[PDB]
Amino acid sequence: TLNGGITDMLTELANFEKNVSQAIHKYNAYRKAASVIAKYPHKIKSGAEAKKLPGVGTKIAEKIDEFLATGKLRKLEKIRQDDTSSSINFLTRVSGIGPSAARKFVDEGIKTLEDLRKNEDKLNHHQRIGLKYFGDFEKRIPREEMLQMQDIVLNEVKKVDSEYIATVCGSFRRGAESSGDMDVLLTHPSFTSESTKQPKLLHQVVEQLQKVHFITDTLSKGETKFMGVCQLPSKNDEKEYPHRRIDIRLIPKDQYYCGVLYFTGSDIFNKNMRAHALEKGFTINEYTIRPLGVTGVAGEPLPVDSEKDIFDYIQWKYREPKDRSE
DNA sequence: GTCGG
DNA sequence: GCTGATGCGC
DNA sequence: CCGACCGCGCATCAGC
Ligand SMILES: Nc1nc2c(ncn2[C@H]2C[C@H](O)[C@@H](COP(=O)(O)OP(=O)(O)[C@@H](Cl)P(=O)(O)O)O2)c(=O)[nH]1
Ligand SMILES: [Cl-]
Ligand SMILES: [Cl-]
Ligand SMILES: [Cl-]
Ligand SMILES: [Mg+2]
Ligand code: NA
Ligand code: NA
Ligand code: NA
């Protein structure tokens, strides 16, 4: 929080471009700037100083000067006053409602939490569950709770098939003291890039977790990716825990390292690493890292035996999970 | 909105 | 039904 | 300047 005021300002700007303006590149431009500044070990004294960092250009430099001089930004002040922008920004906070849906609802007169509640019929499945747990999904998850959650997930998975390997990734693997949700990477020997010898591998696990009442709702579910809701069990007479978002990704067992790298993040770290990969002539996804031929077409998967091998290919020193929070 | 060639 | 584009989210 | 901006699973829709 050394330059919290500035990073918060850029984040709000980023959210505006994304939610209201539907300008994804500007969104990421602001996010990159916020990121590099949050990483900066000094208390910024001027926009000129900030402009030295990659990602911070003229426009943002001017904004930082204004914020330092007055403690605020007029551009944001006007945005906050705008009701449409405010309404669209708010609605996008519901899981399942993005910029388009948010602008459409506002067009229909639906602009508040109360409005959504009296219009459930106009929401799809995902949006309905996001509204249901709106309050809860805004809460943080203490690492202590993440630990109890990990215990339940790993043990239940083990009960279905001892050959399953469940790994909690996301901010948790990065060592965060609190997480916004739980991210679970899952592998099983019968599912490789070479073949699928067993169907319902992901289904079985989801099923088991619902059986024990851990998973309470489903936002989306396919053969390899589950997106839903879970809840820790509470003791007698005590208030129950908030419901939490849970994502489970089944990845070919032989592509574990690319999968755990992807699912460990951060999202900005992944974007930076994938972009660097390209510059180095490689393309990276959650499955593999491939060289880019002369034409720029991806070649065959390169051998990977650790997360480090991936870093080595793009000529980056290895970075522990805890140092990938950008 | 920012950057490299 | 399928395929492709688009919205959404990780 | 100006083209590039990471890469992809699932739900939903149009058009067939
Ligand atoms: N390449 C890529 N990977 C992504 C992206 N978004 C997410 N990931 C990958 C990297 C992410 O680390 C991982 C998990 O996604 P979460 O949204 O849960 O992100 P975190 O868990 O990091 C925290 Cl925001 P928390 O949940 O605790 O608040 O998915 C994206 O746009 N691109
Ligand atoms: Cl844009
Ligand atoms: Cl791998
Ligand atoms: Cl691939
Ligand atoms: Mg997460
Ligand atoms: Na700069
Ligand atoms: Na949303
Ligand atoms: Na997640």
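Chain letters run A, B, ... following the sequence lines, proteins first and then strands; every chain starts at 1.
Screening A:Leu219, A:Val229, A:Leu131 for a side chain to side chain contact (heavy atoms under 4.5 Å, CB included) involving A:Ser95 leaves a single residue, A:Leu219. Of the listed residues (A:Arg245, A:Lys132, A:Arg244), just one forms a salt bridge (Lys or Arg N to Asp or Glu O under 4.0 Å) with A:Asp217, and that residue is A:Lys132.
Applying the side chain to side chain donor-acceptor pair (under 3.5 Å) criterion to A:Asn272, with sequence neighbours excluded, gives A:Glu326. Under the ring pair (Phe, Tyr, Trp, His ring centres under 6.0 Å) criterion, A:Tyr133 pairs with A:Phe137, A:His243, sequence neighbours left out. Annotation: side chain to side chain donor-acceptor pair (under 3.5 Å) contacts of A:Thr167 (sequence neighbours excluded): none. Under the ring pair (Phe, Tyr, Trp, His ring centres under 6.0 Å) criterion, A:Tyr164 pairs with A:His188, not counting sequence neighbours. A:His213 meets the ring pair (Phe, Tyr, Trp, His ring centres under 6.0 Å) test with no other residue; sequence neighbours excluded. By the side chain to side chain donor-acceptor pair (under 3.5 Å) test, A:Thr192 is found to be paired with no residue, residues two or more places apart in sequence or in another chain being considered.
For DNA chain B, none of the residues of residues 125-145 of chain A falls under the heavy-atom distance limit of 4.0 Å. Within residues 30-60 of chain A, the residues having any heavy atom under 4.0 Å from DNA chain B are, by residue number, A:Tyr30, A:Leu53, A:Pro54, A:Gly55, A:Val56, A:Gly57, A:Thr58, A:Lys59, A:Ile60. Within a heavy-atom distance below 4.0 Å of DNA chain B, the residues of residues 11-29 of chain A found are A:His25, A:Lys26, A:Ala29.
For the pair A:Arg103 (side chain) and A:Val20 (backbone), a donor-acceptor distance under 3.5 Å is present. A:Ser171 contributes no side-chain N or O that, together with a main-chain N or O of A:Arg174, makes up a donor-acceptor pair within less than 3.5 Å. Side-chain atoms of A:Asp65 never come within 3.5 Å of backbone atoms of A:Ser46 as a donor-acceptor pair (strictly under, hydrogens ignored).
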Dot-bracket pairing map - DNA chain B, Watson-Crick plus G-U, both contacts under 3.5 Å, | cross-strand: ||.||

I'd like a table of atom pairs between the protein and nucleotides 3-6 of chain C - only N or O on both sides, under 3.5 Å - with the distance next to each one.
none

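For D:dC8, the OP1/OP2 oxygens have a side-chain nitrogen or oxygen of A:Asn285 closer than 4.0 Å.
At whole-Å resolution of the value, CD in A:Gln255 and P in D:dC8 are 12 Å apart. Regarding A:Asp267, its CG atom lies at a distance of 14 Å from the P atom of C:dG9, rounded to whole Å. Atom pair A:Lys225:NZ and D:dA11:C1' shows a separation of 10 Å (rounding to whole Å applied). In this structure, the CZ atom of A:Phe226 is 12 Å from the P atom of D:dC10, given to the nearest Å. As a whole-Å value, the separation of A:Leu292 CG from D:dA4 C1' is 14 Å. Distance CZ (A:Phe282) to P (D:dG7): 14 Å, rounded to an integer number of Å. Distance, A:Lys104 NZ to C:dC8 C1': 16 Å, rounded to whole Å. Atom CZ in A:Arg103 sits roughly 15 Å away from atom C1' in C:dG7 (whole-Å rounding).
Atom name P, nucleotides B:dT2 and D:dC8: the rounded distance is 29 Å, in whole Å. A distance of about 29 Å separates the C1' atoms of D:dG9 and B:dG1, rounded to the whole Å.
Among the heavy atoms of the strands lying under 4.0 Å from A:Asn124 are primed sugar atoms or P, OP1, OP2 only; no base atom is included. As judged by a 4.0 angstrom heavy-atom cut-off over every strand, A:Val94 is placed among residues touching the sugar-phosphate backbone only. In this structure, A:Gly170 reaches neither bases nor backbone, as no heavy-atom distance under 4.0 Å exists between it and the strands shown.
Ring pair A:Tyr313/A:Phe282 is tilted by interplanar angle, where 30° to 60° counts as tilted.
Between A:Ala277 and A:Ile284, the closest heavy-atom pair is CB-CD1, 3.6 Å.
Looking only at atom types and distance, the side chain of A:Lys159 has no donor-acceptor partner in the side chain of A:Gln208 under 3.5 Å away.
Checked against the 6.0 Å centroid criterion, the rings of A:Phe105 and A:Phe90 do not qualify as a close aromatic pair.
Residues A:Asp151 and A:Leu147 form no side-chain contact, since every pair of their non-hydrogen atoms from C-beta on lies 4.5 Å or further apart. With contacts defined as side-chain heavy-atom distances shorter than 4.5 Å, the pair A:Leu185/A:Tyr256 qualifies. A:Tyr241 places a side-chain heavy atom less than 4.5 Å from the side chain of A:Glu145. Looking only at side-chain heavy atoms (C-beta outward), A:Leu116 and A:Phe134 stay at 4.5 Å or farther from each other.
You can see that DNA chain B meets the heavy atoms of chain A within a 4.0 Å-exclusive cut from B:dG1 to B:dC3, reading 5' to 3'.
In this entry B:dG1 carries a south-puckered sugar, per its negative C1'-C2'-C3'-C4' angle.
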